[PDB]
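Just one chain follows, in the form deposited in one PDB entry, and it is written as structure tokens.
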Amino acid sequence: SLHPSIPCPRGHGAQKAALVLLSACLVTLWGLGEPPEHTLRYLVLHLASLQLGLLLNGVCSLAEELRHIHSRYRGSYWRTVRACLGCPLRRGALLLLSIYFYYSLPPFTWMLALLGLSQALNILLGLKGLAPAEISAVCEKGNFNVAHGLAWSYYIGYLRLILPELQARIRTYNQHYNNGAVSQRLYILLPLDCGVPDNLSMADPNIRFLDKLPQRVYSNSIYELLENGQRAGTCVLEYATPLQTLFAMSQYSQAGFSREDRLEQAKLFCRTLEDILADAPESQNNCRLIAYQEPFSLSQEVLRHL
């Protein structure tokens, strides 16, 4: 929609693949033709083992979180335990059932010792790490992105404050001038590579500054969208300042912001700004987003958007 390289939200491919895997595995159990009582016993004991492993991982994480009880969790131990071990009730029931089915269904403590050894090794040596796909899925699902805050703050602080006045200001421009008539929209440029030139003339020569939109004060550059050197469109173009912030953050070392992160957060910023402006009451189709990526001329893109 906005751009071919804007990442769409993640689907349920993992669930479908898990379904196919489950079907194949049940088919192959039917192939083995082994007694199912032992199958059920080992499966119950295996989920009990994994519940105890997640319990041990949660206790290890809770060891660290217990020092942050009064900062992130307002000094309540139950919120900390819920944070470190999922839902307390479901995990508590599953773990008590695990203990009972572990003591009942068969040594006894050696299996526990080896499982605890394996999980402590997982934590210490980092075996139980998270792949980049899992991290990205968790971050996007929970809206844990720089881009989300950037776009929401941008819309709330800037676009929400001039768009209600921009149509009236442009009507004032068209009544006080004859020339021609510029669209009521506030066209916004979204370069994916985050590199915004300080002026459109540097960005493109086929785009020429024409006039400053009439008036607090909010400067706006109507641009001569010249096609073959002739005036072919007039629209207000205003820089997307947050996309410059992403470049500045990737420049600074203190930001801890890589260039892969820079590109990804630029893409998510474009996507979430589009989503915000699609349903914003302030936006009444008087705000358009021009998103482009270097492989090309910006001028041709703006003409296509005119």
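Numbers for residues come from their place in the sequence shown, where the first is 1. So that the term is clear: the rigid core is the largest set of C-alpha atoms that superpose within 1.5 Å between two forms.
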Exercise. Among the other entries that model both neighbours of residue 215, does it go unmodelled in a third or more?
Worked result: no
Exercise. Looking across the other entries that model both neighbours, is residue 201 missing in at least a third?
Worked result: no
Seminar exercise, completed: Residues of the deposited chain absent from the coordinates between residue 215 and residue 216 total 10 or more
Exercise. According to the PDB entry, how many deposited residues between residue 295 and residue 296 are absent from the model (none, 1 to 3, 4 to 9, 10 or more)?
Worked result: 4 to 9
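Beyond what is shown, the protein has a form deposited in another entry; the following relates to that form.
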Problem set entry | residue 208 C-alpha moves between the shown form and the other one by 2 Å or more, core aligned | yes
Exercise. Comparing between the shown form and the other one on the rigid core, is the C-alpha shift at residue 157 2 Å or larger?
Worked result: no
For this session: Using a superposition on the rigid core, decide whether the Cα position of residue 221 changes by 2 angstroms or more between the shown form and the other one.
Result: yes
